[PDB]
Amino acid sequence: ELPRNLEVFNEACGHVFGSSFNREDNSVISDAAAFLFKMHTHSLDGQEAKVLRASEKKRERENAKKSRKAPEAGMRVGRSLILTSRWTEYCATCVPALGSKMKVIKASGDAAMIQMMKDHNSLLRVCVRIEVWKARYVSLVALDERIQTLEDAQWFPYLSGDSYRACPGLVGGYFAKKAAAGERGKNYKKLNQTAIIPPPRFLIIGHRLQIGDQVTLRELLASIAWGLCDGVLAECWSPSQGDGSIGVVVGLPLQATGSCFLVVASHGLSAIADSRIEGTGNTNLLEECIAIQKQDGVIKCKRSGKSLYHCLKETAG
Amino acid sequence: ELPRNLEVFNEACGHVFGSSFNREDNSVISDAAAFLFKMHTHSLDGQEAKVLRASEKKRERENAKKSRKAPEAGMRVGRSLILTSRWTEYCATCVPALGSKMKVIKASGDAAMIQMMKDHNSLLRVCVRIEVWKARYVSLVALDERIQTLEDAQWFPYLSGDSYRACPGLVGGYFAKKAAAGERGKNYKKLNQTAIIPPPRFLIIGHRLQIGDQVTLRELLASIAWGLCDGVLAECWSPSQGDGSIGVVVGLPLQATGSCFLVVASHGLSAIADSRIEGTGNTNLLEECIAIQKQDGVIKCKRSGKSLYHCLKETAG
Amino acid sequence: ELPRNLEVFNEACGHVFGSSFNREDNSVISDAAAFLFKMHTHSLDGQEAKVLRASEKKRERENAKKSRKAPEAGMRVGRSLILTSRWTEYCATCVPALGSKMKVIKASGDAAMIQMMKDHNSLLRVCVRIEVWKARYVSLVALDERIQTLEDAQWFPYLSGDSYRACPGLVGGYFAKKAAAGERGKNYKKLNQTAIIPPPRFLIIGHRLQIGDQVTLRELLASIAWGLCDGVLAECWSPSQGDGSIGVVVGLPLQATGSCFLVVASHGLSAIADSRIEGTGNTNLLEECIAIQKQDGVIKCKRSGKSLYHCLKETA
Amino acid sequence: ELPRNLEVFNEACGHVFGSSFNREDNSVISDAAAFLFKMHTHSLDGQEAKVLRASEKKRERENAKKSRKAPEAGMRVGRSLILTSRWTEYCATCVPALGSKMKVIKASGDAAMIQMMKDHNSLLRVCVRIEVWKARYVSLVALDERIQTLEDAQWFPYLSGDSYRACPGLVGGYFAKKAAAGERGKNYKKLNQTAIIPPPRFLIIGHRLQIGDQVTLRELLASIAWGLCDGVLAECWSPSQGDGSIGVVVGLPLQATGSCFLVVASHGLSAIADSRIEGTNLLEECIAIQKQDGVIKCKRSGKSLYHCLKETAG
Amino acid sequence: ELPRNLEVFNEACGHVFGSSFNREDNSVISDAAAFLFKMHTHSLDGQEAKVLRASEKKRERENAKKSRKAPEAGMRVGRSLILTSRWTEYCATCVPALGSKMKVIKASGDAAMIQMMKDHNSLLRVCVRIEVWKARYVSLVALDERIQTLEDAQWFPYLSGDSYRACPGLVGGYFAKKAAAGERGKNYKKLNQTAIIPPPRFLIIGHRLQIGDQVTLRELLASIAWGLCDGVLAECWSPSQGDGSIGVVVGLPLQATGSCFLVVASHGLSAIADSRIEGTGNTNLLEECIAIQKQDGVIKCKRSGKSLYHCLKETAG
DNA sequence: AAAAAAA
DNA sequence: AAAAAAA
DNA sequence: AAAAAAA
DNA sequence: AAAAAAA
DNA sequence: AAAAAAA
């Protein structure tokens, strides 16, 4: 009924949070995913210290974390997430020991341990996807101070190293910048800043985002873009009968990933660094378009020239 | 009559300097505040050596400071500040011992000790505010050799770690740069380079700067801006009858909130550095205006396009 | 009937894949050539470890490869390639031993060994040519994430060291970059990025690509150019009667290896990047033309100003 | 009569060169200052090798220097400088021992040693000021092969580490580049590439350069600028009656040091990287020359001082 | 009659080639100089192997060179050069042993060895000057494939390491690139791409190139410029009576070396990255002139805006 | 917009 | 433009 | 355009 | 456009 | 758009 990743995530969240884990609230799912990600990276209190090559300051911080008592049952997480009494058992059972690697487990040959490690990897990937989607959802109506120029915005989201490792194609930030600056191997994944990510309530259920879905404007925009994206993407939504809060999806943007506008010299031609700019691109900027695929077909929509955050702020005035 | 902070500062300065501390001279007040900050930071000769995690060079420097004789009574400070014979008693009484922390004092429960620690913290904050104002006043006519570009000027004033700790929102420099670069938590405070600070002769009295105050051009500018702020802010001053040296404040600037107008490249659209300017192509910056709020109302004044330091230098030729 | 190289490749592919090796599918031929190149480079499981100067990590990887079981008969390769039970015999026989060099064999003087070494070199050259063509065919619709600027795009295709060594005149990548950075000896060869390469279904048969051949648009473009070449090259193709999928070639590009028109700064003058453009100063890059040779004659076609990849994406 | 620094320099030059040291020749004074600087930094032959943390190559070079015989009396220095037989005594006495530090001397408490160290420091400062002046004078007519772009020209003069330490505000080069690139403390000084330096024949006498003094065009330009400075500065010089070789100073440049044209963004304004650019023909600019009558703005010539000096001689 | 350098080169060439060495042919002199350079760098077959720090591949190559038989007397060199039976004696006697350094020879105190090393250095310098001149002469009628852009053309000629070491102010290539990129000591010498090099038939004789000399167009151009220099330089040549092939030099270019067009910011002025480009009015490049000094006087000749190679190619068609 | 590596 | 944390 | 630190 | 260093 | 060397 469900793939391995989604089933593992559902089981883990249900076990850790019991019945307090609502299965239809984006905020609840994002908070639960963040907590599970912290648990599975040994970021919670009372777990193994990360000291393999840590600096003395990092060693002190990890020692303080280890000394600190672990979270207790009944503790409130986020807004409406309450820990059960069994969460310690789950953390002890399903969490790989610090430093564990897939090669070591494979050498061991224990099928149960291999399955547990696969479940842990899938859970990390799912939680990082949910974390990226929540970062986009927050950034629609809350500017990040660190993002002041195009260069600063070029690496959104800014997530920890574990997030980058779990999903290098979606997660940006310092680690993505480091990977791009350094040597690029055959495994290099470029940052698909505007990759389509289903809403968490859809991601856990496995329902792929598509036309006809009943989704709020903010969550749809967080799914297909973020705050500093061109406002024209708002055209991918249409309020339902009686306005309300939930509308419908009318289409999806095209060219979401893989946009390269280079032309190399050949056969006596001249190299071009940008197809769009060549000629007089400054006057053609606001004349650009985006291809939106709808149920009927593809349509080109003129760019609004205004940030998504600014459009949402203005329409909310 | 006066808040706790100003009263504590007045008592401390009176005790240390007696009658030699003028209550109407900005330079004297700034020198006294700097000396008091040094005393409460254990930066004077003969005070506790900082060795908790000091490097061998730092350990040697602190040992040299400790071995050196402490300042004697009657020692000249700055220009017109003379230490009183009772300054040693005040230093011994009102200066918490090195390493003092509010948590430990609260655990002790001594009401007198808690009040003393609160007074010390208030004195630190007041002294740091006076230090920042004096840095602005100095930079109006005497640039800093460490400021060469906009990136360097983004961290003015350049003050020590203690000043940044006391007033993180007003004090820039190396520590502000470090804080901005690293992780930003809920307690992170952005550097307000041009935060309003009344002159020290007003700050100790608590008289908030407002329209109609009889202040000098340079001191007003240091109150609202610094050397590299655009010269248009000079419109906030007006010479009084007969010119002279003291005029009157006609208005104050308004700090605009944070609002980024970027539009990153997405789905084939070209990046926009600024939505407002890209469309019509009005790239000229000299047209920009500042909102000066006056007694009559708010007025948009066109920028001069020249640094405040340059304007002051040219008008003083 | 066929040259030595194509005959060697045909015999090798027939022996290794038997009847499962289709002779008219470009994807199948490309996969077979890739597998043969892997086999003759001792990169498969169970072959000699490359340790002559390997680093400890490289030594570990090669030891892991050697310890691993060799591919078994009937194993599925690519999509429609199945290994025959006699592939092990060919691998043992026709594959030169690791570290073998032509000088050593010539000193030995065994005519059969010399012929085997020559056949192996020809097989490497043919396999690498097919690999380069397949790289071009892939790049027409799926950009390489390692290409983001013109500097990086200058070194396409990005192939391994073996590919560069076998065919230095077609293969780019890190090794070609290193060769360019270092000394340029008399044996140095520049990367002819857009060198015409017949499709594998043509290369193995020896049928040189020319006008009138019934070839698909994508395969023709992969033959004469790659993803980031200008879209104007699409003019070399023309749909046949009834459209369908297979058309015909109407012309081929004329490789413009013209002499440099630079004038370096000297005696206080100013450097000129191009003496021709200096006069009129027509700074419009959309006016350039490419000389396509057709059956009737050569014609100058105006550049489209858009990447071949973008034109293909829009037309699809 | 004279400050400590100039008196110390005059005494040292008299002791080391006797009467052969001409007090009115810029080249001779510069060469004598360079020799004294080499002596007081322990660079001449026969002085202690520098090995504290030297690399094997540096250790070998300094061992070679130590083994090599010390300079002999009567040796020709520069062009018209001859060593005296007593120079060895001065080198042994007034030169601090290698590694001497003012803190150590102060801890010792010997007044004579403290005075000697102060004299050594003043001599180093004076010698490096003269060295920078001479570097400017040379660069007027003989370009440096190391200066090819404005980025390279930004660090003139290129002088040894001892020169940078003696006067970090004037000297440039690799050490100034390192100081600028790295962390800058409260002691940081920016490279004042056109700070006014009196000519050596004036510097040792202590006569501050001012309008009316009889100086040569080349030496005045060296005092106020160098080769790659905009040629308009030549307006500061006026030939005397009958041309000849010596003229007079009419005016001096202003804003020599401390020119910043930034405007940081504030109160919603936009940051301006350059006030001049936001106003843009470069050749229209002017430089403020202060004369006896008053300040006058002279239009920039747009041509490097070296080019103008070369063309005026052809 | 002749300086030490030219006398040494003449003696060495006569000893190694005897009467087969023509004293008026540029190709023959260039070939002889190249062969002597190969001999004096221990690059010929059967000479000392360079193994001090050579890589294993380099060690193999040098071992192969050492094992190979040395050149035999009577071998044909170039076109019209034949080795003499006494060349082995000269190679053994006048060639310093591999690794010989001037410091070691001076320490030994042997006057004869010091003189031999001086002769070796002078011969290296002369051979490298001739090699650079021949490189220019080749580039006039044969483009170098390695030169495709202005940056590539900036380092011509591309000569080996020994050539760069002997004459660093005339020889470019990888080693000049390395010297420019790395630290620049006081001894640093820039690459004078258009220095005046007398033709080999004049360089060995010591006759400095001057006005009125009977030199062919191609060899004059190779003397004063190279393939990708401005075509205007052809004005420095004039066919003699009856045309023929040999003409006469009517003038020489000025500003051959040491051309800097920088003005630095000082006293509030603005930095000029290039005086020519910044010149008042948009100076069209084809309007630029070169100063040719002639017997009568200097004349400004307008640039032809076309390469010397292309001018020669068109004039020969 | 599958899996295997992996401050 | 209040307090509590805290090179 | 004073003193104290100090490849 | 002299001499000494010295992939 | 023939062969020989050969991270």
# chains A, B, ... in the order shown; residues from 1 in each chain; ligands from 1

call {"tool": "calpha_fit_rmsd", "arguments": {"fixed": "chain B", "moving": "chain E"}}
result
1.8 Å

call {"tool": "residues_around", "arguments": {"residues": "segment 57-68 of chain A", "least_positions_apart": "2", "cutoff": "12 Å", "atoms": "only C-alpha atoms (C1' of nucleotides)", "output": "ChimeraX atom specification"}}
result
/A:42-55,70-72 /B:53 /F:7

call {"tool": "select_by_dssp", "arguments": {"residues": "segment 56-209 of chain A", "states": "helix (DSSP H, G or I)", "output": "PDB file with C-alpha atoms, in the first residue's frame"}}
result
ATOM      1  CA  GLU A  56      37.799  21.257  22.112  1.00  0.00           C
ATOM      2  CA  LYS A  57      34.842  23.652  22.006  1.00  0.00           C
ATOM      3  CA  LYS A  58      32.818  21.081  20.063  1.00  0.00           C
ATOM      4  CA  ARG A  59      33.977  18.402  22.507  1.00  0.00           C
ATOM      5  CA  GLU A  60      32.751  20.547  25.403  1.00  0.00           C
ATOM      6  CA  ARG A  61      29.385  21.094  23.712  1.00  0.00           C
ATOM      7  CA  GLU A  62      28.951  17.378  22.996  1.00  0.00           C
ATOM      8  CA  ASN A  63      29.955  16.492  26.562  1.00  0.00           C
ATOM      9  CA  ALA A  64      27.379  18.964  27.876  1.00  0.00           C
ATOM     10  CA  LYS A  65      24.745  17.405  25.611  1.00  0.00           C
ATOM     11  CA  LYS A  66      25.610  13.884  26.779  1.00  0.00           C
ATOM     12  CA  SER A  67      25.582  14.898  30.448  1.00  0.00           C
ATOM     13  CA  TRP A  87       9.883   6.659  23.038  1.00  0.00           C
ATOM     14  CA  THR A  88      13.038   5.581  24.886  1.00  0.00           C
ATOM     15  CA  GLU A  89      12.586   2.007  23.657  1.00  0.00           C
ATOM     16  CA  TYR A  90      12.175   3.177  20.059  1.00  0.00           C
ATOM     17  CA  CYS A  91      15.232   5.426  20.302  1.00  0.00           C
ATOM     18  CA  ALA A  92      17.263   2.519  21.682  1.00  0.00           C
ATOM     19  CA  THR A  93      15.995   0.007  19.107  1.00  0.00           C
ATOM     20  CA  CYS A  94      15.665   1.760  15.738  1.00  0.00           C
ATOM     21  CA  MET A 102      26.378   0.603   5.882  1.00  0.00           C
ATOM     22  CA  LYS A 103      29.625  -1.133   4.898  1.00  0.00           C
ATOM     23  CA  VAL A 104      30.234  -2.298   8.475  1.00  0.00           C
ATOM     24  CA  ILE A 105      26.689  -3.638   8.828  1.00  0.00           C
ATOM     25  CA  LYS A 106      26.917  -5.404   5.463  1.00  0.00           C
ATOM     26  CA  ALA A 107      30.194  -7.001   6.556  1.00  0.00           C
ATOM     27  CA  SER A 108      28.444  -8.138   9.738  1.00  0.00           C
ATOM     28  CA  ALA A 111      19.776  -9.018   8.027  1.00  0.00           C
ATOM     29  CA  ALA A 112      17.874  -7.283  10.833  1.00  0.00           C
ATOM     30  CA  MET A 113      20.637  -4.704  11.280  1.00  0.00           C
ATOM     31  CA  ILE A 114      20.814  -4.096   7.522  1.00  0.00           C
ATOM     32  CA  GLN A 115      17.055  -3.529   7.406  1.00  0.00           C
ATOM     33  CA  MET A 116      17.289  -1.183  10.393  1.00  0.00           C
ATOM     34  CA  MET A 117      20.023   0.843   8.686  1.00  0.00           C
ATOM     35  CA  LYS A 118      17.970   1.042   5.485  1.00  0.00           C
ATOM     36  CA  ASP A 119      14.983   2.243   7.513  1.00  0.00           C
ATOM     37  CA  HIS A 120      17.168   4.844   9.227  1.00  0.00           C
ATOM     38  CA  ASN A 121      18.463   6.146   5.888  1.00  0.00           C
ATOM     39  CA  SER A 122      14.960   6.345   4.419  1.00  0.00           C
ATOM     40  CA  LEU A 123      13.705   8.140   7.528  1.00  0.00           C
ATOM     41  CA  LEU A 124      16.543  10.656   7.306  1.00  0.00           C
ATOM     42  CA  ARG A 125      15.710  11.348   3.662  1.00  0.00           C
ATOM     43  CA  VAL A 126      11.987  11.764   4.362  1.00  0.00           C
ATOM     44  CA  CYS A 127      12.585  14.018   7.365  1.00  0.00           C
ATOM     45  CA  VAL A 128      15.012  16.178   5.383  1.00  0.00           C
ATOM     46  CA  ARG A 129      12.500  16.548   2.554  1.00  0.00           C
ATOM     47  CA  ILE A 130       9.883  17.618   5.100  1.00  0.00           C
ATOM     48  CA  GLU A 131      12.393  20.007   6.683  1.00  0.00           C
ATOM     49  CA  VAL A 132      13.106  21.632   3.313  1.00  0.00           C
ATOM     50  CA  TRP A 133       9.394  21.994   2.610  1.00  0.00           C
ATOM     51  CA  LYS A 134       8.860  23.591   6.022  1.00  0.00           C
ATOM     52  CA  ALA A 135      11.745  25.982   5.372  1.00  0.00           C
ATOM     53  CA  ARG A 136      10.036  27.017   2.139  1.00  0.00           C
ATOM     54  CA  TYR A 137       6.678  27.388   3.896  1.00  0.00           C
ATOM     55  CA  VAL A 138       8.234  29.617   6.556  1.00  0.00           C
ATOM     56  CA  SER A 139      10.176  31.687   4.015  1.00  0.00           C
ATOM     57  CA  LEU A 150      21.087  37.138  -5.108  1.00  0.00           C
ATOM     58  CA  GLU A 151      24.299  35.380  -4.074  1.00  0.00           C
ATOM     59  CA  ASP A 152      22.934  34.878  -0.555  1.00  0.00           C
ATOM     60  CA  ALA A 153      19.633  33.571  -1.941  1.00  0.00           C
ATOM     61  CA  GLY A 161      25.258  19.013   7.303  1.00  0.00           C
ATOM     62  CA  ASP A 162      23.085  15.985   8.022  1.00  0.00           C
ATOM     63  CA  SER A 163      20.330  17.561   5.930  1.00  0.00           C
ATOM     64  CA  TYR A 164      22.756  18.143   3.061  1.00  0.00           C
ATOM     65  CA  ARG A 165      24.029  14.562   3.187  1.00  0.00           C
ATOM     66  CA  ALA A 166      20.528  13.072   3.281  1.00  0.00           C
ATOM     67  CA  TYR A 174      27.166  26.139   3.473  1.00  0.00           C
ATOM     68  CA  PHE A 175      27.728  22.486   2.581  1.00  0.00           C
ATOM     69  CA  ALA A 176      26.249  22.867  -0.906  1.00  0.00           C
ATOM     70  CA  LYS A 177      28.451  25.924  -1.433  1.00  0.00           C
ATOM     71  CA  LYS A 178      31.477  23.919  -0.291  1.00  0.00           C
ATOM     72  CA  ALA A 179      30.624  21.032  -2.620  1.00  0.00           C
ATOM     73  CA  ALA A 180      30.140  23.347  -5.604  1.00  0.00           C
ATOM     74  CA  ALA A 181      33.337  25.307  -4.930  1.00  0.00           C
ATOM     75  CA  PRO A 200       4.004  16.778   4.220  1.00  0.00           C
ATOM     76  CA  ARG A 201       0.430  15.510   4.541  1.00  0.00           C
ATOM     77  CA  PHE A 202       0.836  14.252   0.963  1.00  0.00           C
ATOM     78  CA  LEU A 203       4.476  13.192   1.320  1.00  0.00           C
ATOM     79  CA  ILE A 204       3.814  10.791   4.201  1.00  0.00           C
ATOM     80  CA  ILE A 205       0.753   9.410   2.401  1.00  0.00           C
TER      81      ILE A 205
END

call {"tool": "select_by_dssp", "arguments": {"residues": "segment 95-266 of chain A", "states": "strand (DSSP E)", "output": "list in words"}}
result
residues 237, 238, 239, 240, 243, 244, 245, 246, 247, 248, 249, 251, 252 and 253 of chain A

call {"tool": "write_last_selection", "arguments": {"atoms": "N, CA, C and O atoms", "output": "PDB file, in the first residue's frame"}}
result
ATOM      1  N   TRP A 237      -2.617  28.567  -8.787  1.00  0.00           N
ATOM      2  CA  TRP A 237      -3.654  28.328  -7.797  1.00  0.00           C
ATOM      3  C   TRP A 237      -4.921  29.080  -8.183  1.00  0.00           C
ATOM      4  O   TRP A 237      -4.883  30.068  -8.921  1.00  0.00           O
ATOM      5  N   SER A 238      -6.050  28.596  -7.670  1.00  0.00           N
ATOM      6  CA  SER A 238      -7.344  29.221  -7.908  1.00  0.00           C
ATOM      7  C   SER A 238      -8.265  28.963  -6.721  1.00  0.00           C
ATOM      8  O   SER A 238      -8.520  27.800  -6.383  1.00  0.00           O
ATOM      9  N   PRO A 239      -8.782  30.001  -6.060  1.00  0.00           N
ATOM     10  CA  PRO A 239      -9.671  29.765  -4.916  1.00  0.00           C
ATOM     11  C   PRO A 239     -10.887  28.945  -5.319  1.00  0.00           C
ATOM     12  O   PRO A 239     -11.413  29.079  -6.426  1.00  0.00           O
ATOM     13  N   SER A 240     -11.332  28.089  -4.403  1.00  0.00           N
ATOM     14  CA  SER A 240     -12.474  27.225  -4.653  1.00  0.00           C
ATOM     15  C   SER A 240     -13.773  28.003  -4.457  1.00  0.00           C
ATOM     16  O   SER A 240     -13.777  29.198  -4.144  1.00  0.00           O
ATOM     17  N   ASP A 243     -14.574  30.966  -1.894  1.00  0.00           N
ATOM     18  CA  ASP A 243     -13.267  31.352  -1.377  1.00  0.00           C
ATOM     19  C   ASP A 243     -12.812  30.365  -0.307  1.00  0.00           C
ATOM     20  O   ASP A 243     -12.239  29.319  -0.627  1.00  0.00           O
ATOM     21  N   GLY A 244     -13.059  30.685   0.962  1.00  0.00           N
ATOM     22  CA  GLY A 244     -12.648  29.788   2.029  1.00  0.00           C
ATOM     23  C   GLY A 244     -11.151  29.848   2.257  1.00  0.00           C
ATOM     24  O   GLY A 244     -10.518  30.904   2.142  1.00  0.00           O
ATOM     25  N   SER A 245     -10.571  28.693   2.585  1.00  0.00           N
ATOM     26  CA  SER A 245      -9.146  28.604   2.874  1.00  0.00           C
ATOM     27  C   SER A 245      -8.455  27.635   1.922  1.00  0.00           C
ATOM     28  O   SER A 245      -7.253  27.760   1.664  1.00  0.00           O
ATOM     29  N   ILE A 246      -9.205  26.670   1.396  1.00  0.00           N
ATOM     30  CA  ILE A 246      -8.667  25.620   0.538  1.00  0.00           C
ATOM     31  C   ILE A 246      -9.156  25.855  -0.883  1.00  0.00           C
ATOM     32  O   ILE A 246     -10.365  25.973  -1.119  1.00  0.00           O
ATOM     33  N   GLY A 247      -8.218  25.925  -1.824  1.00  0.00           N
ATOM     34  CA  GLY A 247      -8.555  26.066  -3.226  1.00  0.00           C
ATOM     35  C   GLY A 247      -8.261  24.808  -4.015  1.00  0.00           C
ATOM     36  O   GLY A 247      -8.525  23.697  -3.545  1.00  0.00           O
ATOM     37  N   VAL A 248      -7.716  24.967  -5.222  1.00  0.00           N
ATOM     38  CA  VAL A 248      -7.376  23.840  -6.082  1.00  0.00           C
ATOM     39  C   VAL A 248      -6.151  24.215  -6.903  1.00  0.00           C
ATOM     40  O   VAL A 248      -5.853  25.393  -7.113  1.00  0.00           O
ATOM     41  N   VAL A 249      -5.435  23.197  -7.369  1.00  0.00           N
ATOM     42  CA  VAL A 249      -4.255  23.393  -8.205  1.00  0.00           C
ATOM     43  C   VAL A 249      -4.691  23.409  -9.663  1.00  0.00           C
ATOM     44  O   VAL A 249      -5.336  22.468 -10.139  1.00  0.00           O
ATOM     45  N   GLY A 251      -2.335  24.178 -12.264  1.00  0.00           N
ATOM     46  CA  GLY A 251      -1.237  23.771 -13.120  1.00  0.00           C
ATOM     47  C   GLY A 251       0.052  23.704 -12.334  1.00  0.00           C
ATOM     48  O   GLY A 251       0.106  24.050 -11.151  1.00  0.00           O
ATOM     49  N   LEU A 252       1.098  23.245 -13.017  1.00  0.00           N
ATOM     50  CA  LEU A 252       2.415  23.136 -12.413  1.00  0.00           C
ATOM     51  C   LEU A 252       3.456  23.815 -13.295  1.00  0.00           C
ATOM     52  O   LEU A 252       3.379  23.726 -14.526  1.00  0.00           O
ATOM     53  N   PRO A 253       4.435  24.500 -12.703  1.00  0.00           N
ATOM     54  CA  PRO A 253       5.484  25.120 -13.519  1.00  0.00           C
ATOM     55  C   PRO A 253       6.311  24.080 -14.255  1.00  0.00           C
ATOM     56  O   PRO A 253       6.473  22.945 -13.801  1.00  0.00           O
TER      57      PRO A 253
END

call {"tool": "interface_residues", "arguments": {"of": "chain I", "to": "chain E", "cutoff": "10 Å", "atoms": "only C-alpha atoms (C1' of nucleotides)", "output": "tab-separated table (two decimals) with C-alpha atoms (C1' of nucleotides), in the first residue's frame"}}
result
chain	number	residue	atom	x	y	z
I	1	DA	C1'	68.27	47.39	-26.36
I	5	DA	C1'	72.55	35.24	-7.95
I	6	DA	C1'	69.82	30.88	-9.98
I	7	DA	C1'	56.14	21.30	-14.31

call {"tool": "closest_atom_pairs", "arguments": {"of": "chain A", "to": "chain C", "cutoff": "12 Å", "atoms": "only C-alpha atoms", "output": "Markdown table"}}
result
| residue | atom | partner | partner_atom | distance |
| --- | --- | --- | --- | --- |
| A:169 | CA | C:145 | CA | 10.7 |
| A:179 | CA | C:146 | CA | 11.6 |
| A:180 | CA | C:146 | CA | 9.4 |
| A:181 | CA | C:146 | CA | 11.7 |
| A:182 | CA | C:146 | CA | 11.8 |
| A:183 | CA | C:146 | CA | 9.9 |
| A:184 | CA | C:146 | CA | 6.7 |
| A:185 | CA | C:146 | CA | 7.8 |
| A:186 | CA | C:146 | CA | 7.8 |
| A:187 | CA | C:145 | CA | 9.1 |
| A:188 | CA | C:146 | CA | 6.9 |
| A:189 | CA | C:145 | CA | 6.5 |
| A:190 | CA | C:145 | CA | 6.1 |
| A:191 | CA | C:145 | CA | 9.6 |
| A:192 | CA | C:145 | CA | 10.5 |
| A:254 | CA | C:313 | CA | 11.2 |
| A:255 | CA | C:313 | CA | 9.9 |
| A:257 | CA | C:143 | CA | 10.6 |
| A:258 | CA | C:143 | CA | 7.1 |
| A:259 | CA | C:143 | CA | 8.8 |
| A:260 | CA | C:148 | CA | 7.1 |
| A:261 | CA | C:307 | CA | 6.8 |
| A:262 | CA | C:228 | CA | 6.3 |
| A:263 | CA | C:228 | CA | 5.1 |
| A:264 | CA | C:229 | CA | 5.4 |
| A:265 | CA | C:229 | CA | 6.9 |
| A:266 | CA | C:229 | CA | 6.6 |
| A:267 | CA | C:256 | CA | 5.0 |
| A:268 | CA | C:256 | CA | 5.2 |
| A:269 | CA | C:288 | CA | 6.1 |
| A:270 | CA | C:285 | CA | 6.9 |
| A:271 | CA | C:150 | CA | 7.8 |
| A:272 | CA | C:285 | CA | 8.0 |
| A:273 | CA | C:150 | CA | 6.9 |
| A:274 | CA | C:306 | CA | 8.8 |
| A:275 | CA | C:306 | CA | 5.8 |
| A:276 | CA | C:306 | CA | 8.8 |
| A:277 | CA | C:305 | CA | 10.8 |
| A:278 | CA | C:285 | CA | 7.6 |
| A:279 | CA | C:284 | CA | 6.8 |
| A:280 | CA | C:284 | CA | 10.0 |
| A:291 | CA | C:314 | CA | 10.5 |
| A:298 | CA | C:314 | CA | 11.3 |

call {"tool": "interface_residues", "arguments": {"of": "chain D", "to": "chain B", "cutoff": "8 Å", "atoms": "only C-alpha atoms", "output": "list in words"}}
result
residues 184, 188, 189, 190, 258, 260, 261, 262, 263, 264, 265, 266, 267, 268, 269, 270, 271, 272, 273, 275 and 278 of chain D

call {"tool": "interface_residues", "arguments": {"of": "chain C", "to": "chain J", "cutoff": "9 Å", "atoms": "only C-alpha atoms (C1' of nucleotides)", "output": "count of residues only"}}
result
5

call {"tool": "residues_around", "arguments": {"residues": "residue 79 of chain B", "least_positions_apart": "2", "cutoff": "12 Å", "atoms": "only C-alpha atoms (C1' of nucleotides)", "output": "VMD selection string"}}
result
chain B and resid 20 to 22 25 27 to 32 75 to 77 81 to 83

call {"tool": "residues_around", "arguments": {"residues": "residue 309 of chain D", "least_positions_apart": "6", "cutoff": "10 Å", "atoms": "only C-alpha atoms (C1' of nucleotides)", "output": "list in words"}}
result
residues 140, 141, 217, 218, 227, 231 and 234 of chain D
